[PDB]
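Engineer: Starting off with a structure, shown below.
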Amino acid sequence: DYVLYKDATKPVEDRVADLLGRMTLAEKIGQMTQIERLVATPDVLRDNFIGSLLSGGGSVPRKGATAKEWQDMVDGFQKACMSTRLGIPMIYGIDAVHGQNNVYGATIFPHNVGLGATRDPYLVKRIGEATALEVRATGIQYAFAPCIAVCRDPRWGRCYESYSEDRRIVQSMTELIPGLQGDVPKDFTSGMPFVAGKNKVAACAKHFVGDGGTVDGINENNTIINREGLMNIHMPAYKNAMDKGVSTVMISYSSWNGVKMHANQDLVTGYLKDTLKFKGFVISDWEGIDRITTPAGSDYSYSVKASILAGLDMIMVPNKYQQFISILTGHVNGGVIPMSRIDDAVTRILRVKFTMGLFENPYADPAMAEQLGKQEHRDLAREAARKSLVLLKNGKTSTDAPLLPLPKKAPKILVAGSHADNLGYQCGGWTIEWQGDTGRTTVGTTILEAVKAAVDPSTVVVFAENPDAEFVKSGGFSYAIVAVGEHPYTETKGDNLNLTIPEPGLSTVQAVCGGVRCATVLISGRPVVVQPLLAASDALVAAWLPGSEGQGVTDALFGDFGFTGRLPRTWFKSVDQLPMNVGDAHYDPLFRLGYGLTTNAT
Ligand SMILES: *[C@@H]1O[C@H](CO)[C@@H](O[C@@H]2O[C@H](CO)[C@@H](O[C@H]3O[C@H](CO[C@H]4O[C@H](CO)[C@@H](O)[C@H](O)[C@@H]4O[C@@H]4O[C@H](CO)[C@@H](O)[C@H](O)[C@H]4NC(C)=O)[C@@H](O)[C@H](O)[C@@H]3O)[C@H](O)[C@H]2NC(C)=O)[C@H](O[C@@H]2O[C@@H](C)[C@@H](O)[C@@H](O)[C@@H]2O)[C@H]1NC(C)=O
Ligand SMILES: *[C@@H]1O[C@H](CO)[C@@H](O[C@@H]2O[C@H](CO)[C@@H](O[C@@H]3O[C@H](CO)[C@@H](O)[C@H](O)[C@@H]3O)[C@H](O)[C@H]2NC(C)=O)[C@H](O[C@@H]2O[C@@H](C)[C@@H](O)[C@@H](O)[C@@H]2O)[C@H]1NC(C)=O
Ligand SMILES: OC[C@@H]1[C@@H](O)[C@H](O)[C@@H](O)c2nc(-c3ccccc3)cn21
Ligand SMILES: *[C@@H]1O[C@H](CO)[C@@H](O)[C@H](O)[C@H]1NC(C)=O
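In my numbering, the protein residues as written are 7 to 608.
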């Protein structure tokens, strides 16, 4: 007879309610299982009724894969899930945190920190729209963004994924959501999930909650703060995400006052779902439930019980799915975990799938391939790159002639530094590889390239990654541009207690600037000890992690556009002041939030 859930002309809730009514137990749990593509197989996916797949940092089908290949891969997996008795389509998620950053040839936009310096939430909304197209260009329908953490201690290896330390800023920046998912209807209820169609993608606000408040900025650690401070600092943006209709929420690895977020039934269920009235689905993090115990995985049986009862709807296993499903099947068979729970988690996972119309467009659109790396997107990124640069210094002394903007016509000029011609570096973490990489890892334009493509044909550009004083003073240069800074990092692998850039860097800035007037470009995902650099430089620019369009940098350096960006974070004097944020008593910055020197165009 007539199968309601299959009829597209029917209401979302009606269809969810109808399908859930036909589901066994194995299928309901299947919908709650998300696994790495690495352990996925048509059989596995079909036999275990897998409801979702993902790709961790660098989990690509083939290094250098085209968009078609990706689509084919995803389509391969979907073909399998569609063959289940009920034919429930799977949702493929990936970390498209600053473009479809895992794909080769994908436009790599500035990381969050840099975007916050722009204060242009509309620019961010356009980035989300772009990223939507490029993630859909590869057949994927779910991006694990935006990360709306409010980094409070730059020693945290994930600070670059935080728009600001000022929640107000992080809120205005949730505009990425409507960009990735499309805008929500006038009526729209705050908390209901939403996605416009096959040209948009489901978004994920992460990581609930207080991931940017751990002690010392130790990744995944504990956040010791009172409910009020937690609610007015780290909680706010989420409220915004509810109104903008965010589709999902990933839970943080970090604990609050000693309690693992994955086990926090009060915040996850009581506050997020019950109070904020979140109707989309909640997903764990990579082995996030295993990390509830200590050691991790020491009692997976507890992790399922504790996490599922806490209120989580989907688990990112992402490898030992057989265990996860066996363990959960048991708990339900034992009455330990009530079916109402499973019913709820599935109800949410489904509601989101019908809403985005996954049941109507489960397969890719080869027409969408072209989107990947589209020039218009690169221009957009280029714009954001320029707008995110924050001028800290521009003249060794009050009386000096402003170094920037530099002339495009000069006899001979010098570009140097470790980050000068290193695409991987200017891109930073989460680029091609999980930890990011060094060198020409994708399609882009390094700073050097931009420069050679901006100066007058009669301007001799000489490159020297790390020259000595002697070389510079004898070069006959009119000026030099040195780029240095941090190296690509991601999560824990990036926590830093000394926060001083790697060498050589300062040695190079000092060697070059001591030989000729210089403009120093600092590549970093956060504020770092900068006095030494500022001291040796005539002008110094904080470019954070610009991404693939180096021209964004040179656009400012040569005055085609003037610096407008302003510090999204507080720049410290020494790392022992930390934590130190706007509003604190001992607030003794080296550069307050909002600081940013400027210049004018043409
Ligand atoms: C401040 O604290 C930081 C972390 O808390 C320190 O950085 C970390 O230092 C350890 C060594 O103590 C280092 O060791 C691990 O990585 C080794 C290889 O490191 C290179 O490759 C990785 C990626 O593969 C990069 O992330 C590293 O940044 C590093 O990159 C190379 O750096 C060279 C010099 O800067 C450069 O010539 C290369 O081109 C560049 N190569 C690439 C591909 O980028 C590995 O052998 C070892 O077994 C460990 O696994 C960590 O890698 C390093 N940082 C990170 C993010 O992991 C920091 O130490 C200082 O700075 C470092 C960059 C390094 O030069 C140290 O020798 C130096 O003491 C601390 N700074 C201070 C002043 O104390
Ligand atoms: C020369 O460069 C200065 C750089 O500040 C320009 O003035 C600044 O223009 C901003 C708008 O572009 C002013 O408004 C706000 O700026 C922030 C930047 O953080 C924007 O994000 C925000 O949306 C606002 O628009 C800013 O206040 C202003 N700075 C000062 C000290 O007034 C200047 O622009 C020209 O003068 C200013 C006063 C405005 O009237 C501009 O509209 C006007 O074009 C630049 N000159 C030129 C020709 O562009
Ligand atoms: O890439 C998927 C998610 C990402 O969206 C989350 O923000 C982040 O917490 C995260 N850590 C790992 C991860 C960490 C260690 C080993 C293997 C994987 C994986 N992930
Ligand atoms: C925090 O980090 C410390 C040191 O790495 C570790 O001993 C402790 O168990 C962690 N605690 C939490 C709550 O993450």
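C-beta: ideal position from N, C-alpha, C; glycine also.
Using C-beta distances below 6 Å, list every residue in its chain close to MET362, excluding the 5 sequence neighbours before and after it, in chain order.
Structural biologist: By one-based count along the sequence shown, residue 362 stands at place 356. Closer than 6 Å at the Cβ level, and outside the excluded window around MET362, lie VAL201, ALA208.
Engineer: Alpha carbon to alpha carbon, what distance is there between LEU334 and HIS213?
Structural biologist: The sequence position of residue 213 within the sequence shown is 207, counting from 1. The sequence position of residue 334 within the sequence shown is 328, counting from 1. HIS213 and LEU334: Cα-Cα distance of roughly 24 Å.
Engineer: Regarding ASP296 and ligand 3, is the C-beta to nearest heavy atom distance less than 7 Å?
Structural biologist: Indexing the sequence shown from 1 puts residue 296 at position 290. Every heavy atom of ligand 3 is 7 Å or more from the Cβ of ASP296, so no.
Engineer: Below 8 Å between beta carbons: does that hold for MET96 and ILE56?
Structural biologist: Reading the sequence shown from its first residue, position 90 is the one you call residue 96. Reading the sequence shown from its first residue, position 50 is the one you call residue 56. Yes. Within cutoff.
Engineer: Identify every run of the alpha helix (DSSP H) within the segment 20-63, keeping only runs that are complete inside it and at least 4 residues long; order them along the chain.
Structural biologist: 32-37, 48-53
Engineer: With a threshold of 7 Å (Cβ to nearest heavy atom), would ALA391 be considered close to ligand 2?
Structural biologist: To locate residue 391, count along the sequence shown from 1; it is residue 385. No, Cβ of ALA391 sits at least 7 Å from all heavy atoms of ligand 2.
Engineer: Please report the residue range of the beta strand (DSSP E) in which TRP292 lies.
Structural biologist: Taking the first residue of the sequence shown as position 1, residue 292 is located at position 286. No beta strand (DSSP E) holds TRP292; DSSP gives it neither H nor E.
Engineer: Give every residue whose Cβ lies closer than 5 Å to any heavy atom of ligand 1, listed in chain order.
Structural biologist: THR444, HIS493, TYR495, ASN502, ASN504, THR506, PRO508
Engineer: Let me know the secondary structure DSSP gives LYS359 once reduced to three states.
Structural biologist: Position 353 of the sequence shown, counting from 1, holds the residue named residue 359. Residue state, collapsed to three classes: helix.
Engineer: When we look at the beta-carbon of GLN381 and count the other beta-carbons within 10 Å, is it buried (16 or more) or exposed?
Structural biologist: Numbered from 1 along the sequence shown, position 375 holds the residue referred to as residue 381. So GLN381 ends up on the exposed side.
Engineer: Using CA coordinates, which residue listed in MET38, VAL18, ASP20 is at the minimum distance from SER332?
Structural biologist: By one-based count along the sequence shown, residue 332 stands at place 326. When only C-alpha atoms are compared, the closest one is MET38.
Engineer: Cβ of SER480 within 8 Å of Cβ of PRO417?
Structural biologist: Within the sequence shown, numbered from 1, the residue matching residue 480 stands at position 474. Within the sequence shown, numbered from 1, the residue matching residue 417 stands at position 411. No, the Cβ-Cβ distance between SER480 and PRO417 is not below 8 Å.
Engineer: Beta carbon of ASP249: closer than 7 Å to some heavy atom of ligand 2?
Structural biologist: Working through the sequence shown from its first residue, we reach residue 249 at position 243. Answer for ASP249: no, Cβ out of range of ligand 2.
Engineer: Helix, strand or coil: how does DSSP classify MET248 here?
Structural biologist: Walking along the sequence shown from the start, residue 248 turns up at place 242. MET248: helix per DSSP, three-state reduction.
Engineer: Can the beta-carbon of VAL518 be found less than 8 Å from the beta-carbon of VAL559?
Structural biologist: In the sequence shown, the residue the question calls residue 518 occupies position 512. In the sequence shown, the residue the question calls residue 559 occupies position 553. Not in contact: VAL518 and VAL559 (Cβ atoms no closer than 8 Å).
Engineer: Heavy atom of ligand 2 less than 7 Å from the Cβ of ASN606, yes or no?
Structural biologist: Residue numbering aside, residue 606 sits at position 600 when the sequence shown is read from its first letter. Because some heavy atom of ligand 2 lies under 7 Å away, the Cβ of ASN606 counts as near it: yes.
Engineer: Does the segment 322-332 come close enough to the segment 157-174 that 3 or more CB-CB pairs lie under 8 Å?
Structural biologist: no
Engineer: DSSP on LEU528, reduced to helix/strand/coil?
Structural biologist: Mapped onto the sequence shown, residue 528 falls at position 522. Note: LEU528 maps to strand in three-state DSSP.
Engineer: Taking 8 Å as the limit between beta carbons, can you name the residues of its chain near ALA486, skipping five residues before and five after?
Structural biologist: Within the sequence shown, the letter at position 480 stands for residue 486. Within the same chain, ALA486 has close Cβ partners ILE419, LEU420, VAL421, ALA422, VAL478, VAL518, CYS519, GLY521, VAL522, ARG523, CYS524, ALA525.
Engineer: Does the distance from the C-beta atom of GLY145 to that of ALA370 stay below 8 Å?
Structural biologist: Counting from 1 along the sequence shown, the entry for residue 145 is found at position 139. Counting from 1 along the sequence shown, the entry for residue 370 is found at position 364. Result yes, Cβ atoms of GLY145 and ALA370 sit closer than 8 Å.
Engineer: Return yes when the C-beta of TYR259 is under 7 Å from any heavy atom of ligand 3, and no when it is not.
Structural biologist: In the sequence shown, the residue the question calls residue 259 occupies position 253. Yes, the beta carbon of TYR259 sits closer than 7 Å to at least one heavy atom of ligand 3.
Engineer: Note down, in chain order, each residue of its chain lying with its Cβ closer than 6 Å to the Cβ of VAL109, except the 5 sequence neighbours on either side.
Structural biologist: As a working mapping, residue 109 is identified with position 103 in the sequence shown. Once the five neighbours on either side are set aside, the close Cβ partners of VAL109 are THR144.
Engineer: Is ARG125 near ligand 2, going by C-beta to nearest heavy atom under 7 Å?
Structural biologist: Along the sequence shown, read from residue 1 onward, the residue named residue 125 stands at position 119. Indeed, a heavy atom of ligand 2 lies less than 7 Å from the Cβ.
Engineer: For a test of the three-state rule: what should DSSP assign to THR514, helix, strand or coil?
Structural biologist: Taking the first residue of the sequence shown as position 1, residue 514 is located at position 508. Note: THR514 maps to helix in three-state DSSP.
Engineer: Going by beta carbon distance, what residues of the same chain come within less than 7 Å of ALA102, once the five residues before and after it are set aside?
Structural biologist: The sequence position of residue 102 within the sequence shown is 96, counting from 1. Cβ neighbours of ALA102 beyond the five flanking positions: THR137, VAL141, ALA149, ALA151.
Engineer: For the beta strand (DSSP E) containing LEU409, name the first residue and the last one.
Structural biologist: In the sequence shown, residue 409 corresponds to position 403, counting from 1. Following the DSSP letters along the chain, one finds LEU409 in no beta strand (DSSP E), marked with neither H nor E.
Engineer: Is it buried or exposed, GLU226, if we count other Cβ atoms within 10 angstroms and call 16 or more buried?
Structural biologist: Residue 226 sits at position 220 when you count from the first residue of the sequence shown. Looking at its Cβ environment, which holds 16 or more other Cβ atoms inside 10 Å, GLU226 is buried.
Engineer: Could you tell me whether any non-hydrogen atom of ligand 2 is closer than 7 Å to the CB of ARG357?
Structural biologist: Working through the sequence shown from its first residue, we reach residue 357 at position 351. Checking the Cβ of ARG357 against ligand 2 gives no.
Engineer: Between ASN270 and ligand 6, is there a pair consisting of the residue's CB and a ligand heavy atom that are separated by less than 7 Å?
Structural biologist: Because ligand 6 does not appear in the structure shown, any question about it cannot be addressed here, the ligands present being ligand 1, ligand 2, ligand 3 and ligand 4.
Engineer: DSSP three-state label for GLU135, please.
Structural biologist: Mapped onto the sequence shown, residue 135 falls at position 129. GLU135 falls in the helix class under three-state DSSP.
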